[PDB]
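What follows is a set of notes on a single structure, which appears directly below.
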Amino acid sequence: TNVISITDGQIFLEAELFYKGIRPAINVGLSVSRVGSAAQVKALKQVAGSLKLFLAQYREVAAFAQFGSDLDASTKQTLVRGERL
Amino acid sequence: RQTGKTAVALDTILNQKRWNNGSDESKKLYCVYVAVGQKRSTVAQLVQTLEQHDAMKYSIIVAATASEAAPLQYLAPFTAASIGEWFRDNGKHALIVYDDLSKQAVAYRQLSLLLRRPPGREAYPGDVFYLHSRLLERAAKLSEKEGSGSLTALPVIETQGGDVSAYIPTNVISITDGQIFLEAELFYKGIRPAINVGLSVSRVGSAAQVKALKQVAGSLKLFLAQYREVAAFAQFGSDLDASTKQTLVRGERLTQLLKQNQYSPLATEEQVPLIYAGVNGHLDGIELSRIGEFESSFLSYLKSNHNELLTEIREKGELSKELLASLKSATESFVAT
Amino acid sequence: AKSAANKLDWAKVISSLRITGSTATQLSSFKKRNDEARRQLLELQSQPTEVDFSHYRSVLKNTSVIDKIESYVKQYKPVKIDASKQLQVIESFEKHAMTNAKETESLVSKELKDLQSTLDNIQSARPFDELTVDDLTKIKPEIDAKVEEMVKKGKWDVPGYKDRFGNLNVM
Amino acid sequence: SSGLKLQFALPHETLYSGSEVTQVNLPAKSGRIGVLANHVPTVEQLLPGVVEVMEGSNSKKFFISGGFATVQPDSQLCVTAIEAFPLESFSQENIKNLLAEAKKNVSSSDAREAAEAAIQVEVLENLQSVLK
Amino acid sequence: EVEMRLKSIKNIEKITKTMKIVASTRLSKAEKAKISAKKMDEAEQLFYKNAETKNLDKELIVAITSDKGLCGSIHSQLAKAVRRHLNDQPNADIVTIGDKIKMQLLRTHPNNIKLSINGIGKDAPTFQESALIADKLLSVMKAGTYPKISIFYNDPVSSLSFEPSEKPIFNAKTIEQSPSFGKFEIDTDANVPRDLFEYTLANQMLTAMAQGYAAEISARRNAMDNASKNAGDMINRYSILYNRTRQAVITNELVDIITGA
Amino acid sequence: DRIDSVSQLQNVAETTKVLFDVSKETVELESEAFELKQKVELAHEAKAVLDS
């Protein structure tokens, strides 16, 4: 807890995503760099704005795993976007 | 934390206005709350709520601030014990409600682990049970040899995460004779009271129960236990028949009903009425959500229309079969208008 | 005895099968109940319309206004008056309601008598076998005219003249 | 609707669904059903023959071993056959000569079995006949 | 005992995943069959629409269930309709199809089940197997003489929006003399009515069995799916409890060791 | 059935106007509670001044 709070951030690279084979497997929801914008590169931010929403939507919509046929088609495209990202 | 079990205590105290505020010693239960380790602002809130509803006329609230020192908090429950002795020992039936006693335990922890005494189980001081008993065991109901007075106690313990399974919680639940468990979900799920009816229990249901709630509504008490068991199985099972579904709907309306709103103590007048009407199909036919006002209307109808029968149920001490029939007539009237 | 006052309306709703659909009578019942509710609320929640000058002023040793406050309180014994201005509106409403209800009740009694007599002229006064056929045009004044009218223009058929009867072949 | 629609959807795999055609001539139970266009309201159980479904394009010939072709008033020929057949896979020599004769061994069974297999006795001849 | 609970739930989850794979394997075939079967039945339905083929009026009782023993509401809903038919028409003969429907039909009326054939839901709905089942039905006890027969068959709308819905069958008498059968003509020599009755039974049965196998494969992907969700939730809860218990045990160990020191 | 349509009106003429009056005059009696609320509010105001 002290390591997290003292740091100006918490890129909590949980093991689970690493266990899916991923070498650099950060967690999408957990990482929140407070002063990142002041160090962000604008061109990247231009695209990462949509990346953040895609990740949040993938997390929000992967709940309906066993009811995906009836899921909204736009939600299916959002899931496709989350998977691709 | 912030479960308002303190508020459950406060409402319990406020009932020392429908009997104590009269003149009846036999009805007198001179409550004495406690304040063991609470933010002094909460103390002010308690004092104001006592004065406005006119409770401070019957409640001595010994105080121990969080800003106050540890020995003060530790000795406070002993002070409440002393006050309880001074009252009950005189021969009048009195009551007590210790405040959050978890703070008292933390104070005993400070007193032991800070002076020189080696710590015990759960890192807390070894004699936690000793202190807790010496508090609770003071309360009793002496015989006519000692004046037939009593000092009924409602010690309040606190956990983390609603933990029933803890050293202080479980050890105390061995000491106290009754338990009323307040959850976290229900505390945000469905009830301002949010008292886990199934989890809650008291070691004396028959002996010393509201003669209205047992002498006539003893079947209603067994129905309370039965409907609680019924709602226990109401999670994901299918619809085997209609009997289970009917029990579920009626008991759920009953549960949405039974929560006595905060600082609104008004009881020994139509207690049985909820279960009796549910089994007799008076309220159960109403919509579940609408009961939130239907109960109020039924109570007011009993008050201004069934005034003789309702007042008798208050005073006669039992809801007789004849009074049951008159209440059935009043129930028909409530269903009608 | 406020039970009886709404008892009549509760009984009426119990028998309002002919009175169901009251568009502006349930609103009046709501107004009457709201008046009683506010009256009970004023009686219960509000303390006495008085001053606890027996001791409370003494608790204020140098109030220097408890005398003035009690003076205003006693001099404000009648803040205002009641308004029982219903003295001709009540009479006119009563007249309209009573005349209409009396007309309704007399009409209902007359309907009861007419139904009873017609049934007495039905339970044994429907000679379905030996009544003269053309006497139907006597009992039904338009039967003769329409029957002459029906065949007169040229059409010899009517819409389902035998809907419940048979036409039959030779056998 | 102009033309004539066919619904050739057998219990194995549906072939045609309301497609337009100029002829669907087929071997009915009482005869040869040469319904070209529109046809009339009459549906017939069919006999093993050739259904040269003449679409707007050429008439594909497939020796079909049974069905019923419902000539719905909408020039719809609901040919719910029991078997499917190509214009090329339904055409062969050795497969249509030895299989029936080997099946004639089954005809050596008891009376009801022979009564059943009497259909198979001439079943394979139809395909080799309509293969052209 | 929490560890055994977590591991047993994990094993049940693995078994559920295996059942899901088996469900996919069977559902591929069931859908493949139902695709053509629906069109096959629509072909003769076009005639039943071409001629209003209402059947009026020894009447069989039927249900739809494949060779599996219930999945959520696959067998239960059909069993309820079977019990309703048994109450309404106790003298109605039962056609026991597959296993679960066979067992449910044997339950109500012993004198109703006229056949007991098992393992119909072995795979996709096959034309020849369904046709032979019908031909045996068309030969067993004069089921053609059965004036009416209602197919209490699954109607899977998209995933599971179904029950054993009841429909009529146009029989030998009800095909020739239908009121709008004057539209489509028949031949005295061709003996159309009997053949139309038999083939209508065939198309209805094949389409209904294919739809029911697809719907129960759905019950193997829409009832075990709920069971998979329950296993996921229980596994998350148990994993939380065990991870908390291990951490708390280590912490209490450190506290005890230091408190000793 | 005509008799039945007349049957409901039988025991309704007894108290239709009685209800018309009971729900009218008792509701008319609310000016007393209004003026009493006025005096009680004046008492609350002055009592609060005294409490201040």
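Residue numbers (the authors' numbering), protein chains in the order written: chain A, 342 to 426; chain B, 173 to 509; chain 7, 3 to 173; chain H, 7 to 138; chain G, 5 to 61, 71 to 274; chain Z, 105 to 156. All C-beta atoms, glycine included, are put in the ideal place defined by N, C-alpha and C.
Going by alpha carbons, who is nearest to residue i out of the options?
i	options	result
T201 (chain G)	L42 (chain H), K35 (chain H), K102 (chain H), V30 (chain H)	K35 (chain H)
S65 (chain H)	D80 (chain H), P92 (chain H), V85 (chain H)	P92 (chain H)
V129 (chain H)	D116 (chain H), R118 (chain H), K109 (chain H), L42 (chain H)	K109 (chain H)
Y166 (chain G)	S89 (chain G), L10 (chain G), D208 (chain G), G132 (chain G)	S89 (chain G)
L354 (chain A)	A366 (chain A), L385 (chain A), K393 (chain A), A380 (chain A)	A366 (chain A)
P79 (chain H)	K138 (chain H), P17 (chain H), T20 (chain H), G24 (chain H)	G24 (chain H)
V344 (chain B)	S305 (chain B), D272 (chain B), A414 (chain B), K229 (chain B)	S305 (chain B)
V95 (chain G)	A76 (chain G), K127 (chain G), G111 (chain G)	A76 (chain G)
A207 (chain B)	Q217 (chain B), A235 (chain B), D183 (chain B)	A235 (chain B)
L219 (chain G)	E266 (chain G), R257 (chain G), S79 (chain G), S174 (chain G)	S79 (chain G)
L16 (chain H)	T76 (chain H), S97 (chain H), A117 (chain H)	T76 (chain H)
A156 (chain G)	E211 (chain G), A203 (chain G), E189 (chain G), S171 (chain G)	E211 (chain G)
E487 (chain B)	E442 (chain B), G350 (chain B), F466 (chain B)	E442 (chain B)
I114 (chain G)	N104 (chain G), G134 (chain G), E17 (chain G)	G134 (chain G)
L182 (chain B)	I340 (chain B), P341 (chain B), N433 (chain B)	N433 (chain B)
For chain G, find out if any of its Cβ atoms is closer than 8 Å to the Cβ of residue i; answer yes or no.
i	result
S410 (chain A)	yes
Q418 (chain A)	no
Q351 (chain A)	no
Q387 (chain A)	no
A15 (chain H)	yes
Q407 (chain A)	yes
Taking all protein chains shown into account, decide if residue i is buried (16 or more other Cβ within 10 angstroms of its Cβ) or exposed.
i	result
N100 (chain H)	exposed
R293 (chain B)	exposed
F183 (chain G)	buried
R425 (chain B)	buried
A508 (chain B)	exposed
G390 (chain A)	exposed
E48 (chain G)	buried
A379 (chain A)	exposed
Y302 (chain B)	exposed
How about residue i: is its C-beta nearer than 8 Å to some C-beta of chain A?
i	result
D238 (chain G)	yes
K242 (chain G)	yes
Give me the Cα-Cα distance between residue i and residue j, rounded to the nearest whole angstrom.
i	j	result
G162 (chain 7)	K196 (chain G)	29 Å
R212 (chain B)	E132 (chain Z)	51 Å
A215 (chain G)	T419 (chain A)	44 Å
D456 (chain B)	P437 (chain B)	24 Å
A121 (chain H)	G225 (chain G)	34 Å
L62 (chain 7)	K70 (chain 7)	13 Å
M228 (chain B)	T251 (chain B)	18 Å
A338 (chain B)	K4 (chain 7)	56 Å
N187 (chain B)	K34 (chain 7)	33 Å
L267 (chain G)	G370 (chain B)	37 Å
Of all the CB atoms in chain B, is at least one closer than 8 Å to the CB of residue i?
i	result
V262 (chain G)	no
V268 (chain G)	yes
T78 (chain G)	no
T272 (chain G)	yes
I21 (chain 7)	no
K33 (chain 7)	no
Within 8 Å (strictly less), CB to CB, does residue i reach chain H?
i	result
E198 (chain G)	yes
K18 (chain G)	no
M222 (chain G)	no
Taking only beta-carbon positions, decide if residue i is within less than 8 Å of chain 7.
i	result
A508 (chain B)	yes
Nearest chain Z C-beta to residue i closer than 8 Å, yes or no?
i	result
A13 (chain 7)	yes
So, is the C-beta of residue i closer than 8 Å to a C-beta in chain D?
i	result
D84 (chain 7)	Structure shown: chain D not included; protein chains present are A, B, 7, H, G and Z.
Open item on the list: If the cut-off is 7 Å on Cβ atoms, which residues from the segment 279–296 of chain B count as contacting chain G, listed in chain order?
Closed with: When CB distances to chain G are screened at a threshold of 7 Å, the residues of the segment 279–296 of chain B falling below it are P291, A295, in chain order.
- [ ] Report the residues of the segment 45–56 of chain H with a CB closer than 7 Å to any CB of chain G, ordered along the chain.
- [x] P47, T48, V49, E50, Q51
- [ ] Taking only beta carbons into account, state which residues of the segment 141–155 of chain Z come closer than 9 Å to chain 7, listed in chain order.
- [x] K141, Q142, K143, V144, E145, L146, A147, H148, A150, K151, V153, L154, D155
TODO: With 7 Å as the C-beta to C-beta threshold (strictly closer), list the residues of the segment 455–479 of chain B near chain 7 in chain order.
DONE: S476, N477
Open item on the list: Counting only Cβ-Cβ distances shorter than 7 Å, please list the residues of the segment 71–82 of chain H near chain G, keeping chain order.
Closed with: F74, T76, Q78, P79, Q82
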